[PDB]
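structure for the following, please:
(5 chains)
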Amino acid sequence: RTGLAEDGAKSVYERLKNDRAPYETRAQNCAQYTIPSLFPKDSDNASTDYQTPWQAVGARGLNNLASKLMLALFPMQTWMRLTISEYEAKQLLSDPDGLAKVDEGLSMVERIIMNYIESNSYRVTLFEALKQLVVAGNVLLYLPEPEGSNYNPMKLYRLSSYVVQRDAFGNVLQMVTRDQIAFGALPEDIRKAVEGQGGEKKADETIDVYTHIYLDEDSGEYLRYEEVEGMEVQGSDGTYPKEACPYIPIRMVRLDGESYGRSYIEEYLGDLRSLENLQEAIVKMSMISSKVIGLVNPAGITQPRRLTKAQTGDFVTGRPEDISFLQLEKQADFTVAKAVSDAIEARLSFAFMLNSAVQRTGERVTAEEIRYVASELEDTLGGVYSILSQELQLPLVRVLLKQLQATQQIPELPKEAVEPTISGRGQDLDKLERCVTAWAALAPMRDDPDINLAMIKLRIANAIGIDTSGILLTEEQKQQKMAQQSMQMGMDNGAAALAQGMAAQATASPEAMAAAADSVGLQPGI
Amino acid sequence: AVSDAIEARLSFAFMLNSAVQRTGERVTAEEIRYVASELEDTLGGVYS
Amino acid sequence: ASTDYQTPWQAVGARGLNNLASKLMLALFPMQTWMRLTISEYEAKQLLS
Amino acid sequence: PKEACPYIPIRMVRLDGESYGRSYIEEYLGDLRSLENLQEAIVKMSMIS
Amino acid sequence: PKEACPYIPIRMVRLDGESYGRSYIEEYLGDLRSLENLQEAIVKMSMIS
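Numbering: from 1, shown residues only, chains lettered A, B, ... in the order given. See the structure here:
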């Protein structure tokens, strides 16, 4: 292999491993103050015990932020829509009816995409990825090629399992993932290379498998291969388009000239560290005050020998003044520490969008003030997931669209369909529903002889901004509706008139009365 | 005070409804609804 | 990539910047159409009947 | 089959490279121990009183 | 064209005779510095306490 892949997948992984080390260090520091097990250190193993952080806002705001991001980015309602360019489409077909049929097909496609997302537990993996992005700012999502309708969950790579190199322009030049798969669990093609390499390995032996995705010099495309023991696996070679690469590296906070992203917790790690210091001291002061020490005055006359051997209700020589208890006298410092603890925890709660900010530490709270400031949390919600639509949502749809077309799970796209991820169809619903409410107001003036109601309906629809093609009935369709309406009375009046006359002839005479019987199969004599 | 403070944050982590009940003082029904929504949202995190 | 950004001692600046940028975004680029194409009414009427 | 094994091992909190999962309680066991210490001392004080 | 250049340099606060704009934050940076000083001292007093 030439270009970026000359050295090999494993060696590229080690050279870029040192570059990602500062991000791993920050992720471990960020995890330490929120949820230590979220980003464990490399040396951590089954015997590692993760201490509970001295303060709670870090873990609490971490869980809150990931769920709120998940709700906004991946709600139950469709969060992507397939959009066809309105002018280019109308240039290819001749009637608005087909254009609605085009939107029906696009609506079906995104229904299939969501059904595929739910049936493959993408929401489970996305929430794990979102938690990683808040503490580490980095996660790699791999979407395996779907084999039929089988369960195909996407693989999540933590920052410690992959490296990505990115130029200052922001292009992913190359990226290597490390998979530690047992010999038994290896796929056949990877296993054949391991046996082909030499040696007899136990089924439980761990194999380092490296997948190297690098930008090709020719065509500006991504070349992909899997390497084991420094040897490329036969059949692991492949090609992915630049915009449809299944390995998606997501950055929570992106800085120019940096290959990896920054985490959200890192922006507030200073507050968490200082709140950790205050919270630890406050709890440790309570541990001191928890100890009971009876201070006996040696200038006094009370003997603990008599006190401890006494029963309840016993009369004993002594004075209450000679017996005292060691107490922690730090209330002035305790109030200062608690005040700054509350002050930092309050602003950390707002930064983590915790509803303690609306709840406040104390005093009375009114409902209406909460709603307006709740909007502020929903507004600052917009800023935190803003690049996640471009970093995560949009490539996720692009890879899925190409993969589902390859497996024919969706029909082949017209090649002119664009997909925006909008928290779309709901916007068109609001426009349509406003038109009906505006139009329903025109019903009082239905019989008005002065105002051109058709003209007003067009202006109302146009001012809303909806596409007006086909909403107004054409002259031919108006003629058909009148004809269909006229036929309805024509058929209905005819059916009543015909049956009445037919009944009259059937009952005209007893002789014809028998004729009706023999016709239907009845018999006069019974 | 520290026992009430630790029990308060443990109550929120365990989805306990005493968290919205608070240590003391008066509460408002509409405010209780919003903070109870936060508990149900963080609830979704643990069974994901 | 090795630079550590210390959290500012006050939080209003980070809170203020995020709120301002978000509030500007809703005002300038909302979900509703924020630009309109307008044709000069007299000039258009001088061209169509 | 790999996908339809009747024996289902469930992990509450799964960590990379671990055969078993972590519990949810152990993330807050530190606060539980500290509250345990306070609650024991508070009750034992009442027993002296 | 002079009116349709794809490179758009945007200035938040425009001053006459200046090639670049001023930030909106710098209008209030003095109050941010003063509050930074107070917030640093308040936290550090708590650390002493």
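
only C-alpha atoms for contact and neighbour calcs from this point on.
Fine.

can you give me the strands for the stretch 401-526 of chain A?
Under the criterion DSSP state E, counting those that start in this stretch, strands of the stretch 401-526 of chain A are mapped to A:417-418.

residues in contact with stretch A:381-397?
Residues outside stretch A:381-397 that contact it (Cα atoms under 8 Å, 6 or more residues apart in numbering or on different chains) are A:68-69, A:73, A:80, A:243-244, A:248-253, A:353, A:419-421, C:18, C:21-22.

for that stretch, list every residue counted as buried.
For stretch A:381-397, the buried set under the neighbour-count rule, 16 or more other Cα atoms under 10 Å in any protein chain shown, comprises A:381-385, A:387-389, A:391-397.

now, those that are in helices?
A:381-384, A:388, A:394-397 (DSSP state H).

closest point of the stretch 1-150 of chain A to chain D, which residue?
residue A:52 (4.8 Å; Cα to the nearest Cα).

and the nearest residue to that residue once chain neighbours are set aside, how far from chain C?
Spatial nearest neighbour of residue A:52, chain neighbours left out: residue D:30 (4.8 Å); criterion: Cα to Cα, 6 or more residues apart in numbering or on different chains. As judged by Cα to the nearest Cα, to the nearest Å, residue D:30 and chain C stand 27 Å apart.

quick one: the helices in the stretch 51-200 of chain A?
Under the criterion DSSP state H, counting those that start in this stretch, the stretch 51-200 of chain A contains helices at A:57-73, A:86-90, A:96-119, A:122-136, A:188-197.

the first one versus helix B:2-13: what angle between them?
Read that as helix A:57-73. Angle, helix A:57-73 to helix B:2-13, by axes from the mean of the first three to the mean of the last three Cα atoms, to 10 degrees: 20 degrees.

surely residue A:279 and residue A:341 touch.
Yes: using Cα atoms under 8 Å, residue A:279 is in contact with residue A:341, at 7.1 Å.

the stretch 401-526 of chain A: helices as residue ranges?
For the stretch 401-526 of chain A, the helices defined by DSSP H, counting those that start in this stretch cover A:425-440, A:453-464, A:475-506, A:510-520.

what comes up buried for the last one?
Taking 16+ other Cα under 10 Å as the basis for neighbour counts, the residues of helix A:510-520 that come out buried are A:513-516.

now do the longest one
When burial is assessed from 16+ other Cα under 10 Å, helix A:475-506 yields the following buried residues: residue A:506.

and that helix, how far out from the chain's middle?
Distance of helix A:475-506 from the chain centroid (Cα atoms, centre = their mean, to the nearest Å) equals 57 Å.

just give me the neighbour total for the residue of the stretch 1-150 of chain A closest to chain D.
Per other Cα atoms under 10 Å in any protein chain shown, the neighbour tally for residue A:52 reads 21.

distance check, it against chain E.
Counting by Cα to the nearest Cα, the gap between residue A:52 and chain E amounts to 21 Å.

got it, and residue A:210?
Residue A:210 is 42 Å from chain E, by Cα to the nearest Cα.

now swap in residue A:322 and tell me
Counting by Cα to the nearest Cα, the gap from residue A:322 to chain E is 31 Å.

burial check on residue A:400, number of neighbours?
Based on other Cα under 10 Å, the number of other residues close to residue A:400 is 20.

quick one: which helix or strand includes it?
If you go by DSSP states H and E, residue A:400 is part of helix A:394-406.

isn't residue A:129 up against residue A:156?
Yes: in this structure residue A:129 lies within contact range of residue A:156 using Cα under 8 Å: 7.0 Å.

from what I see, residue A:239 and residue A:219 are in contact.
No: look at residue A:239 against residue A:219 with Cα under 8 Å: they stay out of range, at 10.9 Å.

with neighbour numbers in mind, choose between the two.
Neighbour count, other Cα under 10 Å: between residue A:239 and residue A:219, residue A:239 has more, with 15 against 9.
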